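Enquirer: Structure here, sequence nowhere to be found:
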Ligand SMILES: *[C@@H]1O[C@H](CO)[C@@H](O[C@@H]2O[C@H](CO)[C@@H](O[C@@H]3O[C@H](CO)[C@@H](O)[C@H](O)[C@@H]3O)[C@H](O)[C@H]2NC(C)=O)[C@H](O)[C@H]1NC(C)=O
Ligand SMILES: *[C@@H]1O[C@H](CO)[C@@H](O)[C@H](O)[C@H]1NC(C)=O
Ligand SMILES: *[C@@H]1O[C@H](CO)[C@@H](O)[C@H](O)[C@H]1NC(C)=O
Ligand SMILES: *[C@@H]1O[C@H](CO)[C@@H](O)[C@H](O)[C@H]1NC(C)=O
Ligand SMILES: *[C@@H]1O[C@H](CO)[C@@H](O)[C@H](O)[C@H]1NC(C)=O
């Protein structure tokens, strides 16, 4: 949320802190990831728009153009769900384009802050390299890309 | 410059018939679609029935269509089409409509575009409504659209909620754009371009219509003549002759209407209805000049002709002073008024240019004065003035008193059982007085000599206005919200002229003054008095002088 | 208090049966309250039942505990109840209109038990009239008054 | 009858004029107040319904200015036990109708928002509360319940006004009256004869219609009856309040009668609604209610019991979660759903818009929470409750 807001991406161990998107972003919020399609979705309250992008950030499409203080966001199935601070309700739209912008709930009494999906069903399962003897780590282990990535306590110098 | 001198209010939309050189508009206050020439010569209610909240208008004056469209967002919202003469009224679209705020026409394609401010869509359909397509739907771009515009392949609509005019494609709404960002109230929008108005042959250019010519979908002439309010079309169908039948001048709060005395006609267009008034209480009419006098706050009297022309402030409190109720002497050209602040009865001279007003009867402390006059009526021929007073606790009792029209020889005709006494009217033909007692909820009757007091009508909640014409007694009850007619002899045959009319008030029948009995002392001796002439019983005229001056 | 007993405007106390008769301004009705005992019981005796024998706007109320008669003055209402000096039994039954007419701005009414006569003040006429408890012998006792408010009769004096 | 003893009133009409709720005896010669009037600050009683068996009088308060005044309350006739039944979730337009199912102990009310209306049901003396219906085009405002016939009638005076009949769970919606009705301000059900009376102040008409459509006849009409605002049917008479006339009339309920109405009270201002408080109009014997399954133990349902016509078994619903295979117990939904964090609570929403029952009951949390993450393994939802501006907490 600092000046020139960036979508900073790295591994679970933070190996390569590369900002995916840094232009045309004021107050990013509600980051969501299209696991099935490998896409990055987010909203910006100041921009009042919902945009999607590739994991690298080459592509950038504004899924939803009209919104009122859209703050939260989540994705599931072929639909994308977000919350508005102004109207105080949860909407829904098609993740591909956003054609079916309807209201999922009435005018909630307070402002809905964050919306998430409870995947009771199988989530993004992936064999954990950290399972085997903490992934060859004497300390904390973070399963990043291409094998485990060991982590160390921040309190001590390691 | 302003097209209409009269204050036509709540004109939600305006549509211009360039082919016919006519102006169409919808009056929300009157809930009617009114049409007039572009200058404003003859304004006429085109559609009145089955119309509650007409917002959004459209015209297709091209020779092959001559059609009219409007959208109503009241009870059972719909979009209707009728020929520009007012005939052939059909409801083209009545489904999936909640608040049809906007409406426009694409003349080349023959598609009419409309929007809903509640369902938040922008659809278009053919003239018959058979083929319907959605341009923008289930989109947060449209939140509270009001007006629409269509230049070429671009649709521009104004949203009151977002305070920004927006543009997109007129077939799929993809190229969304923001023409303007911050508008306090965008409301209507019009695309000014000659292509928007296709030129066509005007049949009305060579018509023989006397007052108004309007394009009609019906052939072979494809036009029809229209009559202004209060006029009747001759069978020749090209000349309109003025109607002369009397009608009830029903006065309500914020509006005054003209209701035809025939109960069959349910159209409130016996005259051009006055609008924009504040707390209208009573009304008087000048038959000879076709004027209508009414009093609105603060204590000020306005006049307008029966055709909605020359609406001015006849007399102000600055020059004339406050006035509440009126009673016009059509013979001697004197307007008798009741002063609320001073609690007195006055007279104002209509004749001449200078307005002279004097106080005739004032509260002198005796029981024969005026305590709190509510209704006043006059008989110019006999030179008698009759008024109703609610009385005061100072000693003046609630009474129906009488006096000569010069303020002399007062007497108490009737008294007792006059609680909450309302306005009193006089039947000149029978010399009987009709007054409404709210406290008893009755309409009583008595002679002008204080004899033969009878209860004409029973079981009323809050009767307000009384008018007697021919053999019928017309009265209005505020709580019942009804205008009812009974026989003035016995009050038996009750007929409901209007019902569910909120904020009813007093009324007077707009009858033709008896030309035979049209002479008194002042009429026979005009210019005898320097400032004010007042008729007195016996054909004798008594000169009086205005406030601040004394008779020599 | 209004919390337990409810609103009351004018009073008339029965010193024999320990009952306090009141006039309710909000409900436009005549009530009675039990002074005797610890618990306060109040009931509405006469209410505006739509007939001309109800209570429209009672201003003054007086009681005669010995004869079991209740006399009150009502300014009436535009609904149909006329300005009257009515009478009833002290249980709220057998109402009747003793006097009517010329009672504009009718003020409080007092009862002279010794002579069984009613004294009331009519502000509108500016007089203090007198009549019997049986609706007979109505006479004007005092003339030329501006706004007479209270009336009390003791011994031979008014 | 002994002329010495005192007993509480058992049969009277409760009028609901906006300032205060007062009761009157049906006997015209009796002028006593049949209940302790309910008045006070912020009293705006739109409608009143009564539960005779439990001896309670419900009403819906509405106040545009103050949100805390909008509530559904109840009190006994002696004015002793006052408790706010419903205070949270009330829309911007407030509760616009109350129907009390004395047989099943379910309170139906029409929550009204700016642009939508919810026909909710609450099981009395519990916390279960379910939104039976969520509608936008229609505007159900006043609602009345007929447990004996297992029907639920409401009135709509919005665009396309109508009177609708539905099952006790609002499923089989049918339009009883769609024409000749403009502003059905007030609705009542004749329990004995299976008629649905209503008053329309816009058309100045008092009419009735049998529950299964069919006969539709006008009881009263004309220039009189300018604004009937609320009606109730007792024995062979209808009691209705007229706002303009300030009177509580009473007339024979059967049509074609011409006798003038009897006036119970006069000069009362701001009349809104009237209902009858009598044991006759709310029978509870099993034979009287056509063997309503929800009569006993809430029909065995854990959350909510609804008696549908024909189905002798008590259909059970869930205020939250889903109904299990047993048909009488509710557990957490096993399908994927949304979780969203409101300022003071964490809630859940099904993916299907039609299903309104939350996957799990709302959990109230600290002053402010700004994110949600759920760990199925441990069946817990992480949330960053920001207790104060500076006091953050996971
Ligand atoms: C919700 O809880 C309230 C309070 O407990 C219940 O009110 C109670 O209802 C019962 C049954 O109607 C009442 O019993 C009755 O008492 C009267 C005398 O007061 C008696 O004549 C009857 O035969 C019967 O025994 C009880 O008094 C009443 N108590 C209060 C405080 O009102 C209400 O019924 C409960 N409702 C539900 C949905 O469970
Ligand atoms: C993490 O914390 C747990 C509990 O204190 C401890 O058993 C464990 O060794 C720590 N480190 C790792 C690598 O899990
Ligand atoms: C208005 O509606 C009534 C009732 O449907 C109908 O009889 C009448 O013909 C309609 N008039 C117009 C002008 O549509
Ligand atoms: C307008 O919309 C069309 C159809 O979606 C699209 O092909 C075109 O690129 C858009 N152009 C603009 C200016 O957005
Ligand atoms: C539901 O309503 C329809 C009429 O709309 C009716 O035919 C049907 O029988 C009802 N439900 C039942 C009881 O099957």
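Expert: Okay, I see it. Numbering: from 1, shown residues only, chains lettered A, B, ... in the order given. Ligands and ions are numbered 1, 2, ... in the order given.

Enquirer: Could you check how far the residue in chain A positioned nearest to ligand 1 is from residue D:344?
Expert: Across chain A, the shortest distance to ligand 1 (CB to the nearest ligand atom) belongs to residue A:109, at 26.0 Å. C-beta coordinates here come from the backbone N, C-alpha and C atoms, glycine included. Distance, residue A:109 to residue D:344, using CB to CB, to the nearest Å: 9 Å.

Enquirer: what does residue D:206 give?
Expert: Residue D:206 sits 46 Å away from residue D:344, going by CB to CB.

Enquirer: more neighbours, those two?
Expert: residue D:206 (24 against 15; other CB atoms under 10 Å in any protein chain shown).

Enquirer: roughly how far is whichever strand or helix holds that one from the heart of the chain?
Expert: Assigned by DSSP states H and E, residue D:206 belongs to strand D:205-210. On the basis of CA atoms, centre = their mean, to the nearest Å, strand D:205-210 sits 21 Å off its chain's mean C-alpha point.

Enquirer: what's the next secondary structure element after that strand?
Expert: strand D:213-221.

Enquirer: For the very next helix or strand once past that next one, enumerate the helices and strands it packs against.
Expert: Downstream of strand D:213-221, the next assigned helix or strand under DSSP H and E is strand D:228-234. Packing partners of strand D:228-234 (3 or more CB pairs under 8 Å, 6 or more residues apart in numbering or on different chains; DSSP states H and E): strand D:187-190, strand D:195-200, strand D:237-242, strand D:274-277.

Enquirer: quick one: residue B:319 and residue B:296, what's the gap?
Expert: On the measure of CB to CB, residue B:319 and residue B:296 end up 16 Å apart.

Enquirer: So for these two, which sits in the more crowded spot?
Expert: Legend: neighbour count by other CB under 10 Å for residue B:319 and residue B:296, higher for residue B:296 (18 against 10).

Enquirer: isn't that one right next to residue B:277, touching?
Expert: Yes: under the criterion of CB atoms under 8 Å, residue B:296 makes contact with residue B:277 at 4.8 Å.

Enquirer: what ranges do the helices span in chain A?
Expert: A:133-136 (DSSP state H).

Enquirer: next one: phi and psi at the spatially closest residue to residue A:124 that is not a sequence neighbour?
Expert: Distance criterion CB to CB, 6 or more residues apart in numbering or on different chains; nearest residue to residue A:124, sequence neighbours excluded, is residue A:35 at 5.3 Å. As for residue A:35, its main-chain torsions (degrees, to the nearest 10) stand at phi -60, psi -40.

Enquirer: which ones are touching the most centrally placed residue in chain B?
Expert: Geometric centre of chain B, nearest residue: residue B:273, 2.1 Å, by CA atoms, centre = their mean. By CB atoms under 8 Å, 6 or more residues apart in numbering or on different chains, residue B:273 lies in contact with B:30, B:255, B:256, B:257, B:258.

Enquirer: what does residue B:435 give?
Expert: Residues near residue B:435 by CB under 8 Å, 6+ apart: B:375, B:388, B:400, B:418, B:421-425, B:443-444, B:446, B:466.

Enquirer: how about a cut-off of 10 Å?
Expert: Contacts were defined as CB atoms under 10 Å, 6 or more residues apart in numbering or on different chains; by that measure residue B:435 touches B:374-375, B:377, B:386, B:388, B:400, B:414, B:418, B:421-426, B:442-446, B:453, B:456, B:463, B:466.

Enquirer: The helix or strand containing it: which residues count as buried?
Expert: Element membership of residue B:435, judged by DSSP H and E, is strand B:432-437. Neighbour counts over strand B:432-437 (16 or more other CB atoms under 10 Å in any protein chain shown) mark B:432, B:433, B:434, B:435, B:436, B:437 as buried.

Enquirer: cool, and stretch D:279-297?
Expert: Residues of stretch D:279-297 classed as buried by neighbour count (16+ other CB under 10 Å): D:281, D:282, D:283, D:289, D:292, D:293, D:294, D:295.

Enquirer: Let's have those residues in JSON lines, adding distance to ligand 3.
Expert: Shown next, in JSON lines, are the buried residues of stretch D:279-297 (distance: CB to the nearest ligand atom, whole Å):
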{"residue": "D:281", "distance to ligand 3": "36"}
{"residue": "D:282", "distance to ligand 3": "39"}
{"residue": "D:283", "distance to ligand 3": "41"}
{"residue": "D:289", "distance to ligand 3": "40"}
{"residue": "D:292", "distance to ligand 3": "41"}
{"residue": "D:293", "distance to ligand 3": "44"}
{"residue": "D:294", "distance to ligand 3": "42"}
{"residue": "D:295", "distance to ligand 3": "45"}
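
Enquirer: what's the closest of the residues you listed to ligand 4?
Expert: residue D:294 (55.0 Å).

Enquirer: Quick check: the closest one touching residue D:306?
Expert: Yes: assessed by CB atoms under 10 Å, residue D:294 is found in contact with residue D:306 at 7.0 Å.

Enquirer: Show me whatever sits in contact with both of these two.
Expert: D:101, D:104, D:106, D:150, D:168, D:314, D:315, D:316.

Enquirer: Would you enumerate the residues in contact with the residue in chain B that chain A sits nearest to?
Expert: Chain B approaches chain A most closely through residue B:140 (3.9 Å), counting by CB to the nearest CB. Neighbour list for residue B:140: A:48, A:64-68, A:70, A:84, A:87, A:91, A:93, A:98, A:101-103, B:120, B:162 [criterion: CB under 10 Å, 6+ apart].
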